[PDB]
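Asker: Handing you this structure, nothing more for now.
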Amino acid sequence: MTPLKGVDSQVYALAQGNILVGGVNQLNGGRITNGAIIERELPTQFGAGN
Amino acid sequence: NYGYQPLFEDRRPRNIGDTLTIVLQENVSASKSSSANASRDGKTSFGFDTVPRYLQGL
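Set out below in structure tokens:
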């Protein structure tokens, strides 16, 4: 379980899952699919104005 | 929410209210001196112990 912070040091997502290393190829780097879940939302002014 | 905070930069104070450690190490030392002197001696003498006759008038 890992929290993912923005540049303002606030938690926006929580990450946990199994790593898929290619298996020359890179061993010290991997990618997790659907490995994080969004916890915070950002405000926006879409739909306001003309 | 606090503002943007860098990641690799050192923690320097940037706004009003931040703290900072001062290491007081002061060591000052000044000095001066001077002198002067002077001296003078003198000693003169003259004595006619036995005057010949033809010089007795002087």
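Going down the list, the protein sequences come from chains BA and AA. With PDB author numbering as the guide, the letters of the first sequence map in order to residues 123 to 145, 157 to 183. With PDB author numbering as the guide, the letters of the second sequence map in order to residues 59 to 116. For each residue, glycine too, the CB sits at the ideal point set by N, CA and C.
In chain AA, what lies closer than 8 angstroms to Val129 (chain BA) by C-beta?
Answerer: Locating residue 129 (chain BA) in the first sequence gives position 7, counting from the first residue. Under the 8 angstroms cutoff, chain AA gives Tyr62, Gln63.
Asker: Against chain BA, does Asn73 (chain AA) count as a neighbour if the rule is that its beta carbon must be under 7 angstroms from one of theirs?
Answerer: Your numbering for residue 73 (chain AA) matches position 15 in the second sequence. False, the Cβ-Cβ gap to chain BA never drops below 7 angstroms.
Asker: Using a Cβ-Cβ cut-off of 7 angstroms (strictly less than) and excluding sequence neighbours within five positions of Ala169 (chain BA), which residues of its own chain qualify?
Answerer: In the first sequence, counting from the first residue as 1, residue 169 (chain BA) sits at position 36. So the list reads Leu126, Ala135, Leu136, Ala137, once near-sequence residues are dropped.
Asker: Which chain AA residues sit within Cβ distance under 8 angstroms of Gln132 (chain BA)?
Answerer: Here residue 132 (chain BA) is taken as the residue at index 10 of the first sequence, counted from 1. Ordered by position in chain AA, the residues that pass the 8 angstroms Cβ test against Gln132 (chain BA) are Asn59.
Asker: Would the beta-carbon of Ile171 (chain BA) fall within 7 angstroms of that of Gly139 (chain BA)?
Answerer: Walking along the first sequence from the start, residue 171 (chain BA) turns up at place 38. Walking along the first sequence from the start, residue 139 (chain BA) turns up at place 17. Cβ distance not < 7 angstroms, so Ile171 (chain BA) and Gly139 (chain BA) don't count as in contact.
Asker: Could you check how far apart the C-beta atoms of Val157 (chain BA) and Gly163 (chain BA) are, in whole angstroms? I think they sit under 8 angstroms.
Answerer: Taking the first sequence and counting its residues from 1, one reaches residue 157 (chain BA) at position 24. Taking the first sequence and counting its residues from 1, one reaches residue 163 (chain BA) at position 30. Actually they are not in contact, since the Cβ atoms of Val157 (chain BA) and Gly163 (chain BA) sit about 15 angstroms apart, beyond 8 angstroms.
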